[PDB]
Amino acid sequence: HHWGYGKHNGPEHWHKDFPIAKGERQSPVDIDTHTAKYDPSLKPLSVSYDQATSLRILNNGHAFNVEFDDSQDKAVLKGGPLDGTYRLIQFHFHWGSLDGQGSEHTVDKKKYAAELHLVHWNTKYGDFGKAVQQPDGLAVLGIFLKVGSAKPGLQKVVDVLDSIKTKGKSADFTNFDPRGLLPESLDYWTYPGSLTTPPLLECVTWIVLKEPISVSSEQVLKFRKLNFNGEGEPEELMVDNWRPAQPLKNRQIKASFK
Ligand SMILES: Cc1cc(C)cc(S(N)(=O)=O)c1
Ligand SMILES: [Zn+2]
């Protein structure tokens with residue numbers, strides 16, 4: 001009886017195995033746009049993915065992860081609200097059963113169809129496992145997805161999904177360029193939070209872009225053909241793998257723009 005997204009093991013149960021679920025800096029949150037204050041001390045985000053080297057894509061039974069080679073100084077997030085440099089390790093998505101839900105963060109209570117998380121660890125801690133033990137260990141860049149025009153730079157991801165349908169399947173996935181997933185503007189909101197699945201560690205500086213990317217209905221429909229189950233087990237479509245907004249508590253959300 002491990003955690004997941006069902007009536008029987010979903011977000012409202014996680015606190016039993018992971019008490020920090022009811023902690024002081026949990027994610028995601030609703031971004032109330034009128035209350036977020038412009039911070040003129042915030043810097044432009046620096047996203048440098050020119051040398052990113054993808055290796056593999058993995059269905060982990062909750063989502064799929066596009067994994068990177070993080071053994072050299074290459075694909076780095078810095079600037080913005082961050083001190084120091086954060087190295088890209090993986091990206092994944094959260095999405096809905098319907099276009100009207102699927103994002104983790106919300107904007108004035110608006111739910112997007114999906115949300116992309118580009119995960120980076122602070123190089124001052126030497127690797128990911130040590131970084132997640134620190135309050136400034138990770139920086140997660142969150143990007144909303146809406147359904148409209150296709151995102152060409154997403155299609156290589158979509159087309160490999162047939163080969164990782166079920167939990168525990170992986171496939172080689174080299175030379176994927178995550179720059180093709182970024183919107184035009186790097187305007188963002190930022191706040192201190194957590195991982196959004198167990199273990200729910202309070203180790204993340206969240207940077208959520210204001211501009212969503214557009215993906216087509218056909219692209220998100222192929223996300224929804226993935227399975228949470230393993231091969232040879234009853235089919236459970238991989239949909240609604242998002243955590244609802246959590247209490248903001250004693251936090252401020254800052255805007256990079258206005
Ligand atoms: C458990 C966990 C691990 C990683 C690397 C990333 C997340 S999230 N969804 O907060 O980006 C969760
Ligand atoms: Zn995530």
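Residue numbers in this text run from 1 along the chain shown.
So this one's X-ray crystallography, 1.1 Å, going by the header.
Cβ from N, Cα, C; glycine included.
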Swiss-Prot annotates one residue of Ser41, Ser71, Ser163 as phosphoserine; which residue is it?
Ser163
Where Swiss-Prot shows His92, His94 binding Zn(2+), which of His117, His120 is named for the same site?
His117
Candidate annotated as phosphoserine in Swiss-Prot, where the set is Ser170, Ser194:
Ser170
Those recorded positions, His62, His92, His94, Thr197: which ones have a Cβ sitting under 6 Å from ligand 1?
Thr197
List those of the binding-site residues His117, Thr196, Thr197 whose Cβ lies under 6 Å from any atom of ligand 2, in sequence order, or write none if there are none.
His117, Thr196
Which of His62, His92, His94, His117 (the recorded positions) has the most other Cβ atoms within 10 Å?
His94
Near-site residues: Zn(2+), ref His92, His94, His117, CB cutoff 8 A to centroid:
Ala63, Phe91, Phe93, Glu104, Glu115, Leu116, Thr196
Distant-in-sequence Cβ neighbours of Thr196 (substrate binding site), under 8 Å, six or more positions away:
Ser27, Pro28, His94, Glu104, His117, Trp242, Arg243
Rounded inter-Cα distance in Å - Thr197 (substrate binding site), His62 (active site, proton donor/acceptor):
9
